[PDB]
Amino acid sequence: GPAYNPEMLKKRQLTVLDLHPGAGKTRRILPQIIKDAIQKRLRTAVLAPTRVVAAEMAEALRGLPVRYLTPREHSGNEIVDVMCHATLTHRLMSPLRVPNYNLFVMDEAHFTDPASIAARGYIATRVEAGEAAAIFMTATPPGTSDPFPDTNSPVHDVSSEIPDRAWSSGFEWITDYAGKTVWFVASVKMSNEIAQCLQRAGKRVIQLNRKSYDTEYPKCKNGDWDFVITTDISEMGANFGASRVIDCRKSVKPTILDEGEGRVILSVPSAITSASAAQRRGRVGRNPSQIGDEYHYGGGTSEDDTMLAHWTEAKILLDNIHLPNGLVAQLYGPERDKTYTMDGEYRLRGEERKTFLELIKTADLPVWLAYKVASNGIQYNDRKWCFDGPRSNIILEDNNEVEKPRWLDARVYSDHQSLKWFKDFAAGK
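Quick note, the sequence shown lines up with residues 176 to 246, 250 to 581, 593 to 618 if you use the entry's author numbering.
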């Protein structure tokens with residue numbers, strides 16, 4: 176759409192800026208937005224998808240009075259705050275006072291993390307009510323349908339069969355490749371299997387996922403790698419010095435079955451959206467001086483993601499954000515129809531909401547599972563629910579078992606990193 180203009184900072188304005196690699200979002204557009212906001216004395220929240228991007232913003236906004244609310251001194255007089263999407267949501271769910279932001283600027287606003295969706299709903303609600311302006315920045319705005327957008331440098335788009343598991347023959351084109359490859363896989367479990375196969379083939383491999391990103395992504399800069407094997411987390415602003423993307427064009431989707439008690443299952447890998455495909459491809463084609471970038475895609479796209487648990491989880495989060503003067507939160511317009519129940523259905527009382535926030539924010543439990551635990555009067559430190567569940571809920575590692594739980598969320602035991610964490614949570618830590 177149109178280019179950033181100060182009109183966009185006025186109350187009731189919500190603008191999606193379709194801003195692409197190259198010129199000049201973090202180092203030129205964002206700084207100008209913030210300069211204009213300060214000039215108009217607007218109380219501003221700048222929202223990054225990840226701590227990594229929040230640090231990059233800090234670099235870009237040097238010389239402006241900006242407070243960084245992510246883990250470092252401040253005057254206490256700054257009116258621009260930089261944080262993660264989830265930090266805003268998490269703050270809004272606590273009784274601690276949230277400033278009356280006049281302007282929200284959300285980077286990588288396509289992020290479908292539940293707390294990102296919830297943030298957008300809160301923001302859109304405040305804007306619609308005339309209390310704020312919002313700018314959402316993304317290369318894939320609502321209604322994106324093109325998996326193959328124009329780029330800064332040409333990309334060779336190639337339909338290719340992509341392994342979903344280890345292989346012992348064939349796929350020579352994968353391993354013969356002399357440059358750097360970013361390979362989007364459907365899951366962490368797939369990541370581990372693909373990565374180990376490539377390592378046995380002598381390749382230097384970095385694995386990026388939600389958990390590993392903060393520590394592992396900074397290692398990419400050094401160039402000491404052949405493959406980055408990544409989940410969808412790299413769709414939120416990752417910049418690789420790569421010449422090839424491999425994209426299985428799939429993702430495992432969590433889904434809530436409900437279904438007596440409820441559980442969350444992980445779908446078999448299924449087609450991603452056209453917007454997601456464009457974001458995966460968009461890791462390459464960025465540098466006009468680098469020709470011959472390749473994008474290999476292993477399947478089609480599908481726009482129906484209404485079964486994603488994140489949509490319900492977003493409104494569980496949103497039902498637990500107290501709004502000043504009678505305002506009832508709805509999801510951001512383009513995201514409203516994905517699901518919907520009775521408004522306020524997931525709203526919790528004080529002590530339960532506090533337990534809920536701590537389960538999600540400190541224990542890193544999925545929002546649904548944290549909600550199940552909190553909604554049943556369980557105290558944060560009371561792990562008894564992890565052991566006194568039905569028989570069917572026994573958890574197995576290599577079909578064992580190991581040492593439950595009252596409720597099953599497949600996201601806590603479907604890979605090595607996650608099960609290792611959930612077992613520790615069962616303690617402990």
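Heads up, the beta-carbon is just placed ideally off N, CA and C, and yes, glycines get one too.
Residue i: first and last residue of the uninterrupted beta strand (DSSP E) it sits in
i      : result
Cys426 : Where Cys426 is concerned, there is no enclosing beta strand (DSSP E), given that its DSSP letter is neither H nor E.
Residue i to residue j span [Cα, whole Å]
i           : j      : result
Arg527      : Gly357 : 55 Å
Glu309      : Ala296 : 18 Å
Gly478      : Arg304 : 37 Å
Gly299      : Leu239 : 28 Å
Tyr518      : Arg378 : 47 Å
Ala235      : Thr201 : 6 Å
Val228      : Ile469 : 27 Å
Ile352      : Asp404 : 11 Å
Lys550      : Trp596 : 7 Å
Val191      : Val283 : 10 Å
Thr409      : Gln385 : 8 Å
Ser467      : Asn330 : 9 Å
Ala455      : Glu413 : 9 Å
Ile340      : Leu547 : 33 Å
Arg382      : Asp402 : 8 Å
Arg531      : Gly522 : 13 Å
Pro277      : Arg218 : 8 Å
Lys618      : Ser607 : 13 Å
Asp560      : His252 : 38 Å
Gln207      : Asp342 : 44 Å
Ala616      : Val601 : 15 Å
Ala344      : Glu256 : 52 Å
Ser603      : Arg187 : 43 Å
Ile573      : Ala599 : 10 Å
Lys389      : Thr433 : 20 Å
residue 619 : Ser346 : Summary: the structure shown does not reach residue 619, with the chain confined to residues 176 through 618, and so no result is reported for it.
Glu536      : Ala507 : 22 Å
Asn503      : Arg458 : 41 Å
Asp324      : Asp497 : 34 Å
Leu495      : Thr322 : 26 Å
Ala552      : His268 : 16 Å
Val258      : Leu189 : 18 Å
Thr540      : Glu529 : 16 Å
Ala220      : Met261 : 7 Å
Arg427      : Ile450 : 6 Å
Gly176      : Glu394 : 34 Å
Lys399      : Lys210 : 30 Å
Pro327      : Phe349 : 27 Å
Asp354      : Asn180 : 48 Å
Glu472      : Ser338 : 11 Å
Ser570      : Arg441 : 11 Å
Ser429      : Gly254 : 43 Å
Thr484      : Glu513 : 10 Å
Nearest-angstrom Cβ-Cβ length linking residue i and residue j, presumed shorter than 8 Å
i      : j      : result
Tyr391 : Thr225 : 6 Å
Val423 : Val336 : No, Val423 and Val336 are not in contact; Cβ-Cβ is about 10 Å, not under 8 Å.
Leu486 : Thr290 : 7 Å
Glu437 : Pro292 : Between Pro292 and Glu437 the Cβ distance is about 20 Å, and since that is not below 8 Å, they are no contact.
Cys564 : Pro594 : 5 Å
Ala420 : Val363 : Their Cβ separation, rounded to whole angstroms, is 15 Å, which puts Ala420 and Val363 out of contact at 8 Å.
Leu194 : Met271 : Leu194 to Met271, Cβ: 30 Å. No contact.
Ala307 : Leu505 : 6 Å
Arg464 : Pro196 : 4 Å
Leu281 : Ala230 : Their Cβ separation, rounded to whole angstroms, is 21 Å, which puts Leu281 and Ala230 out of contact at 8 Å.
Residues that residue i bridges to, as DSSP identifies them
i      : result
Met315 : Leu192 and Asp285
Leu217 : In the DSSP output, where bridge partners are listed per residue, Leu217 has none listed.
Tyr475 : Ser337 and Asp425
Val241 : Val258
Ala223 : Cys262
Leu205 : Answer is none; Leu205 lacks a bridge partner.
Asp598 : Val442
Min CB distance residue i to chain C below 8 Å
i      : result
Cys262 : Included in the structure is just one protein chain, with no chain C present.
The ligand ATP heavy atom lying under 7 Å from the CB of residue i
i      : result
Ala312 : Of ligands this structure carries none, so the ligand ATP is not represented either.
Residue range of the unbroken alpha helix (DSSP H) whose run includes residue i
i      : result
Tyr300 : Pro292 to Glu306
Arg226 : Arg226 to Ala235
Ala492 : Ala487 to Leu496
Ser607 : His605 to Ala615
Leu574 : Here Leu574 belongs to no alpha helix (DSSP H), and DSSP marks it neither H nor E.
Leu547 : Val545 to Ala552
Exercise for the section: Note down, one range per segment and in chain order, each alpha helix (DSSP H) of at least 4 residues found wholly within the stretch 257–283. Expected result: 263–270
Problem - alpha helix (DSSP H) segments (min. 4 residues) lying fully within the stretch 317–402 - result: 350–354, 366–378 and 391–398
Exercise for the section: Any chance you could list the beta strand (DSSP E) runs of at least 3 consecutive residues sitting entirely within the stretch 406–473, in chain order? Expected result: 422–425, 432–435 and 441–444
Problem - Every unbroken alpha helix (DSSP H) within the stretch 507–542, with a cutoff of 4 residues, ordered by chain - result: 528–539
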